[PDB]
Every structure is written in structure tokens, then in C-alpha cells.
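Throughout, read-outs are computed from the coordinates displayed, never taken from laboratory work. Every residue, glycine as well, gets a Cβ built from its backbone with ideal geometry; the counts of neighbours run over all protein chains shown.
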Amino acid sequence: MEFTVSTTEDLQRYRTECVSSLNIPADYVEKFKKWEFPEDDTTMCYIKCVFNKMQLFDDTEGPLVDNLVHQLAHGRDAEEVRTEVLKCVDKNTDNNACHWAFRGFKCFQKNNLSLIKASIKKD
Ligand SMILES: CCCCC/C=C\C/C=C\C/C=C\C/C=C\CCCC(=O)O
């Protein structure tokens, strides 16, 4: 079972295809490059697509905890990472998948953004 962690280089690939597919305006893309994600439905579906191609989010189960700690805990205790992730894992009470994935991402980065940058970083 070969698991390929998504580095920054891989991330630039997935994110590009999601951009060209979801008709994401280049202006928004500039924001994303500076790690700026506006609270808007465009950005939300963008995050969903990216997180999906990275095999990190599913439209049914939501955030894939296993892959999440395997990815994020790049250089940190996976058990603690699992915990922090779970504190951002919720149910789709909003009933929109783009916003669901976006809420998980937004929740986590607001407390642990450095880990996100490090997870995709080749140490
Ligand atoms: C339930 C909480 C889940 C939190 C998951 C958060 C991040 C997923 C883990 C690793 C992803 C690391 C970097 C990718 C982050 C945003 C997608 C690219 C956005 C962009 O390129 O502009």
C-alpha cells in the first residue's frame, strides 16, 4: 500500500487543475499563493477539489483523519496531530460539501497553519 505524501510541488499541480476546472479566477489564485483564503463559495469548492485530489477529504466521510495525521504530522507526534485534527472534524450540518471541507481547513489552519506548511515541505 504505497502512500505518496503531497509535497508543495505536488500541491501546485493539484491546485492548478482545480483552478482550471472550477473556473477559479486568477485573482483568487494570487491570494491563495500568499496563503489568503477568503470566506467565499468559490474558494470553498477550490479547497474541496484540492483536498480530494490529495486524498485528504471525501464528500461522504469528510476529513480523512488517517491520511490527515499521516500527512500533517510530518516531523511531529502523530497522536497529538490526530487529536488537533479531530478538534476540527465536524459533521456536515451546513449540508454543503465545499463549505464542509473549507470549514475543516479553516478551523485547523487558524490554530495550526505552520504544521500545514511543514507537512507539504520537504524537511
Ligand atoms: C478536520 C481538519 C482538517 C484540516 C486539513 C488541513 C490541511 C490538510 C493537510 C495538508 C494540506 C497541506 C497544505 C494544503 C492546504 C491547503 C490546500 C492548498 C491551498 C492553496 O494552495 O492555496
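Among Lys31/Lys110; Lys31/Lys87; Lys87/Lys110, which pairs are too far apart, with a Cα-Cα distance over 20 Å? Walk me through the numbers before you get to the answer.
Working: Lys31/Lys110 16 Å; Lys31/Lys87 27 Å; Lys87/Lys110 12 Å.
Pairs exceeding the cut-off: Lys31/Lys87.
Take every Cα pair under 8 Å whose residues are at least 6 apart in sequence, average their separation, divide by the length of the chain, and the relative contact order is 30 percent. When the Gaussian network model of the chain links Cα atoms closer than 10 Å, the mean-square fluctuations of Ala26, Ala73, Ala101 top out at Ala26.
Cross-link partners of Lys122 among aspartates and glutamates, defined as those whose alpha carbon lies under 16 angstrom from its own and excluding same-chain residues fewer than eight positions apart: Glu9, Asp10. If only the Cβ of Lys and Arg carry +1 and only the Cβ of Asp and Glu carry -1, the dipole of the chain around its Cα centre is close to 320 debye. Couplings 3J(HN,Hα) for the range 45-51, derived from phi with the Karplus relation 6.51 cos²θ - 1.76 cosθ + 1.60 (θ = phi - 60°), are 5, 4, 4, 4, 4, 4, 5 Hz, where x marks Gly and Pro. In the chain, a dipole from Cβ-located charges (positive for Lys and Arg, negative for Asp and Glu) runs towards its positive end, and of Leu64, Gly75, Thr42 it is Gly75 whose Cα lies farthest in that direction. Around the amide H of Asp58, modelled in the peptide plane, lie the amide H atoms of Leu64, all under 5 Å away and 5 or more residues distant in sequence or on another chain.
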